[PDB]
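This report refers to the structure that appears directly beneath it.
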Amino acid sequence: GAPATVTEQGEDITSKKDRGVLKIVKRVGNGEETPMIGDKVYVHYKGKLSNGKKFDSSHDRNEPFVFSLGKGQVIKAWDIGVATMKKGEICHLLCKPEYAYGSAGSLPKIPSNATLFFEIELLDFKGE
Ligand SMILES: CC[C@H]1CCCC[C@]1(O)C(=O)C(=O)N1CCCC[C@H]1C(=O)O[C@H](CCc1ccc(OC)c(OC)c1)c1cccc(OCC(=O)O)c1
């Protein structure tokens, strides 16, 4: 499925090139530039365990997820990934536990040492 496609075809977007965060652009965004650090970003996402089991989706509450980019308000893979996106883009990310919830996890739904799949749609962003 989609996780396996990222494993097989994904671009390594980490600074360390350790395959910790892998990305495929699924829909090219029409936006010109990536958001700046600090900007308010508006996203819709689907989150799955590596095995494909759904754990959360913003589409279940019909509400975009909103955070400030690059401020450590979310897991490291998200700060890394969203920073590479343009407005309107949908990407798939595969995130090793070092760049997500590590040995601690996010219990009960996310276990220790989980590799996570996310589809992120960058709906919009506004300058810090
Ligand atoms: C099973 C995970 C669910 C649980 C219900 C809320 C969303 C959820 O956390 C999720 O789907 C998720 O895994 N997210 C949410 C979308 C952004 C990516 C990821 C996330 O970073 O969530 C943070 C978790 C807290 C966090 C923050 C910073 C971290 O590193 C610096 C970090 O590392 C382990 C962990 C998040 C942020 C804000 C709100 C939130 O949940 C809603 C709430 O608390 O009101 C969850």
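Going through the structure tokens in order, the chains are called A, B, and so on, while each chain numbers its residues from 1 and the ligands are numbered from 1 in the order shown.
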
Counting only C-alpha atoms and all ligand atoms, which residues in chain A sit no more than 7 Å from ligand 1? For each one, give the nearest pair of atoms and the distance in Å, sorted by chain then residue number, as JSON lines.
```
{"residue": "A:47", "atom": "CA", "partner": "ligand 1", "partner_atom_place_in_ligand_line": "11 (O)", "distance": 5.8}
{"residue": "A:55", "atom": "CA", "partner": "ligand 1", "partner_atom_place_in_ligand_line": "1 (C)", "distance": 5.5}
{"residue": "A:56", "atom": "CA", "partner": "ligand 1", "partner_atom_place_in_ligand_line": "11 (O)", "distance": 4.7}
{"residue": "A:57", "atom": "CA", "partner": "ligand 1", "partner_atom_place_in_ligand_line": "11 (O)", "distance": 6.5}
{"residue": "A:65", "atom": "CA", "partner": "ligand 1", "partner_atom_place_in_ligand_line": "16 (C)", "distance": 6.7}
{"residue": "A:72", "atom": "CA", "partner": "ligand 1", "partner_atom_place_in_ligand_line": "31 (C)", "distance": 4.2}
{"residue": "A:73", "atom": "CA", "partner": "ligand 1", "partner_atom_place_in_ligand_line": "28 (C)", "distance": 4.6}
{"residue": "A:74", "atom": "CA", "partner": "ligand 1", "partner_atom_place_in_ligand_line": "21 (O)", "distance": 3.3}
{"residue": "A:75", "atom": "CA", "partner": "ligand 1", "partner_atom_place_in_ligand_line": "21 (O)", "distance": 4.0}
{"residue": "A:76", "atom": "CA", "partner": "ligand 1", "partner_atom_place_in_ligand_line": "30 (O)", "distance": 5.9}
{"residue": "A:78", "atom": "CA", "partner": "ligand 1", "partner_atom_place_in_ligand_line": "18 (C)", "distance": 6.1}
{"residue": "A:100", "atom": "CA", "partner": "ligand 1", "partner_atom_place_in_ligand_line": "34 (C)", "distance": 5.6}
{"residue": "A:101", "atom": "CA", "partner": "ligand 1", "partner_atom_place_in_ligand_line": "34 (C)", "distance": 4.2}
{"residue": "A:102", "atom": "CA", "partner": "ligand 1", "partner_atom_place_in_ligand_line": "34 (C)", "distance": 7.0}
{"residue": "A:106", "atom": "CA", "partner": "ligand 1", "partner_atom_place_in_ligand_line": "1 (C)", "distance": 5.9}
{"residue": "A:109", "atom": "CA", "partner": "ligand 1", "partner_atom_place_in_ligand_line": "1 (C)", "distance": 5.0}
{"residue": "A:110", "atom": "CA", "partner": "ligand 1", "partner_atom_place_in_ligand_line": "1 (C)", "distance": 5.5}
```

For residue 63 (chain A): contacts at 9 Å, only C-alpha atoms, fewer than 5 positions along chain excluded, given as a list in words: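 My reading of the contact set: residues 43, 44 and 58 of chain A.
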
Just list as a count of residues only whatever in region 21-98 of chain A DSSP marks as strand (DSSP E). 31

Could you list, as a ChimeraX atom specification, every residue within 12 Å of region 121-123 of chain A, counting only C-alpha atoms and ignoring same-chain residues fewer than 4 positions away? /A:25-31,34-35,40-47,57-59,63-67,69,78,81-93

Keeping only N, CA, C and O atoms, write the selected residues to a file as a short mmCIF file (atom, residue, chain, number, x, y, z; two decimals), in the first residue's frame.
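Saved the output as part-v5.cif:
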```cif
data_model
loop_
_atom_site.label_atom_id
_atom_site.label_comp_id
_atom_site.auth_asym_id
_atom_site.auth_seq_id
_atom_site.Cartn_x
_atom_site.Cartn_y
_atom_site.Cartn_z
N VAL A 25 5.66 13.27 -3.20
CA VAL A 25 4.62 14.22 -3.58
C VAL A 25 3.56 13.50 -4.41
O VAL A 25 3.84 12.95 -5.50
N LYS A 26 2.33 13.53 -3.90
CA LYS A 26 1.18 12.87 -4.54
C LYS A 26 0.36 13.82 -5.39
O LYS A 26 -0.27 13.43 -6.40
N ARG A 27 0.30 15.06 -4.96
CA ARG A 27 -0.31 16.11 -5.75
C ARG A 27 0.56 17.33 -5.64
O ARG A 27 0.84 17.79 -4.56
N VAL A 28 1.02 17.85 -6.79
CA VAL A 28 1.78 19.08 -6.82
C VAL A 28 0.89 20.25 -6.40
O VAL A 28 -0.24 20.38 -6.86
N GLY A 29 1.41 21.10 -5.53
CA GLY A 29 0.70 22.30 -5.09
C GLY A 29 0.89 23.42 -6.09
O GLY A 29 1.93 23.49 -6.77
N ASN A 30 -0.09 24.31 -6.16
CA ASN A 30 -0.01 25.47 -7.05
C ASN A 30 0.74 26.64 -6.41
O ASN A 30 1.14 27.58 -7.11
N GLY A 31 0.91 26.60 -5.08
CA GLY A 31 1.69 27.61 -4.34
C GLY A 31 3.12 27.74 -4.82
O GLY A 31 3.76 26.75 -5.16
N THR A 34 7.68 27.78 -0.32
CA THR A 34 7.46 27.06 0.94
C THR A 34 7.18 28.04 2.10
O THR A 34 7.57 29.22 2.03
N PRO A 35 6.51 27.55 3.17
CA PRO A 35 6.28 28.45 4.29
C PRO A 35 7.60 28.82 4.97
O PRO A 35 8.59 28.10 4.82
N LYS A 40 2.03 30.32 10.37
CA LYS A 40 0.87 29.55 10.81
C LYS A 40 0.47 28.66 9.63
O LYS A 40 0.15 29.17 8.56
N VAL A 41 0.57 27.35 9.81
CA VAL A 41 0.18 26.40 8.75
C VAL A 41 -1.14 25.68 9.03
O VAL A 41 -1.44 25.32 10.18
N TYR A 42 -1.92 25.47 7.97
CA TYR A 42 -3.24 24.84 8.03
C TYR A 42 -3.14 23.55 7.24
O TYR A 42 -2.84 23.58 6.04
N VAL A 43 -3.31 22.42 7.91
CA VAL A 43 -3.23 21.11 7.22
C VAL A 43 -4.43 20.20 7.47
O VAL A 43 -5.16 20.36 8.46
N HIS A 44 -4.66 19.28 6.53
CA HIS A 44 -5.48 18.09 6.75
C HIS A 44 -4.53 16.89 6.66
O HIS A 44 -3.63 16.90 5.82
N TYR A 45 -4.71 15.89 7.53
CA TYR A 45 -3.86 14.70 7.55
C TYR A 45 -4.61 13.39 7.80
O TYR A 45 -5.74 13.37 8.36
N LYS A 46 -4.01 12.29 7.34
CA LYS A 46 -4.38 10.92 7.71
C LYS A 46 -3.13 10.30 8.33
O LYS A 46 -2.04 10.47 7.80
N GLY A 47 -3.27 9.65 9.48
CA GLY A 47 -2.10 9.05 10.19
C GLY A 47 -2.33 7.55 10.29
O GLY A 47 -3.38 7.12 10.75
N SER A 57 -7.26 11.09 11.94
CA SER A 57 -7.40 11.90 10.74
C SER A 57 -8.18 13.15 11.07
O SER A 57 -9.24 13.09 11.69
N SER A 58 -7.64 14.30 10.67
CA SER A 58 -8.33 15.56 10.87
C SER A 58 -9.68 15.60 10.13
O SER A 58 -10.59 16.32 10.55
N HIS A 59 -9.80 14.81 9.05
CA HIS A 59 -11.05 14.69 8.28
C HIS A 59 -12.21 14.04 9.05
O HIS A 59 -13.38 14.16 8.64
N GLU A 63 -11.96 19.46 10.62
CA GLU A 63 -11.26 20.61 11.13
C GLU A 63 -9.78 20.51 10.78
O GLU A 63 -9.11 19.57 11.20
N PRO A 64 -9.28 21.48 9.99
CA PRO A 64 -7.85 21.52 9.72
C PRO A 64 -7.06 21.55 11.02
O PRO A 64 -7.54 22.08 12.02
N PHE A 65 -5.86 20.96 11.00
CA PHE A 65 -4.92 21.03 12.11
C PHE A 65 -4.00 22.22 11.90
O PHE A 65 -3.41 22.39 10.83
N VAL A 66 -3.87 23.05 12.93
CA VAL A 66 -3.15 24.30 12.77
C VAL A 66 -1.97 24.40 13.73
O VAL A 66 -2.14 24.24 14.95
N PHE A 67 -0.78 24.66 13.20
CA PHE A 67 0.41 24.87 14.07
C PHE A 67 1.36 25.88 13.47
O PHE A 67 1.21 26.26 12.31
N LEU A 69 5.03 26.46 12.12
CA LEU A 69 6.12 25.67 11.55
C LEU A 69 7.47 25.92 12.22
O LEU A 69 7.85 27.08 12.47
N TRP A 78 7.34 16.09 11.10
CA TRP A 78 6.38 17.09 10.61
C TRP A 78 7.03 18.44 10.38
O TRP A 78 6.74 19.09 9.35
N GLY A 81 9.04 17.82 7.20
CA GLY A 81 8.26 17.59 6.00
C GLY A 81 7.55 18.82 5.50
O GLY A 81 7.64 19.17 4.31
N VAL A 82 6.82 19.48 6.40
CA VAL A 82 5.91 20.58 6.04
C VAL A 82 6.74 21.75 5.53
O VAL A 82 6.33 22.47 4.62
N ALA A 83 7.94 21.87 6.07
CA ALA A 83 8.90 22.88 5.59
C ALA A 83 9.28 22.77 4.10
O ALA A 83 9.80 23.74 3.53
N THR A 84 9.08 21.59 3.51
CA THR A 84 9.40 21.35 2.09
C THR A 84 8.18 21.50 1.15
O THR A 84 8.32 21.34 -0.08
N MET A 85 7.02 21.78 1.72
CA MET A 85 5.76 21.74 0.96
C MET A 85 5.36 23.11 0.43
O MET A 85 5.72 24.13 1.01
N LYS A 86 4.58 23.11 -0.65
CA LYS A 86 3.99 24.32 -1.21
C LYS A 86 2.49 24.29 -0.95
O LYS A 86 1.92 23.22 -0.70
N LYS A 87 1.83 25.45 -1.01
CA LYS A 87 0.37 25.49 -0.80
C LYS A 87 -0.33 24.61 -1.82
O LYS A 87 -0.05 24.68 -3.01
N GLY A 88 -1.25 23.76 -1.35
CA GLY A 88 -2.02 22.90 -2.23
C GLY A 88 -1.45 21.51 -2.42
O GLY A 88 -2.11 20.65 -2.99
N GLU A 89 -0.22 21.30 -1.96
CA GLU A 89 0.46 20.02 -2.14
C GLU A 89 -0.11 18.95 -1.21
O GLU A 89 -0.53 19.26 -0.09
N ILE A 90 -0.17 17.71 -1.69
CA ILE A 90 -0.42 16.57 -0.82
C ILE A 90 0.81 15.69 -0.91
O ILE A 90 1.23 15.33 -2.00
N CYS A 91 1.38 15.36 0.25
CA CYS A 91 2.49 14.44 0.25
C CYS A 91 2.25 13.25 1.15
O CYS A 91 1.40 13.29 2.05
N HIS A 92 3.01 12.19 0.91
CA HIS A 92 3.04 11.05 1.82
C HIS A 92 4.41 10.98 2.53
O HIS A 92 5.45 11.18 1.89
N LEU A 93 4.42 10.82 3.86
CA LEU A 93 5.69 10.79 4.62
C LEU A 93 5.75 9.50 5.38
O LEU A 93 4.73 9.05 5.91
#
```

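You will find CA of residue 95 (chain A) at 13.7 Å from CA of residue 8 (chain A).
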
From the set A:97, A:112, A:77, A:70, which residue has the shortest atom-to-atom contact distance to residue 39 (chain A), counting only C-alpha atoms?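 Of the candidates, the smallest distance to residue 39 (chain A) is held by A:70.
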
Could you tell me how far CA of residue 10 (chain A) lies from CA of residue 60 (chain A), in Å and to one decimal?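 For CA of residue 10 (chain A) relative to CA of residue 60 (chain A), the distance reads 26.8 Å.
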
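Between CA of residue 99 (chain A) and CA of residue 21 (chain A) lies a distance of 7.2 Å.
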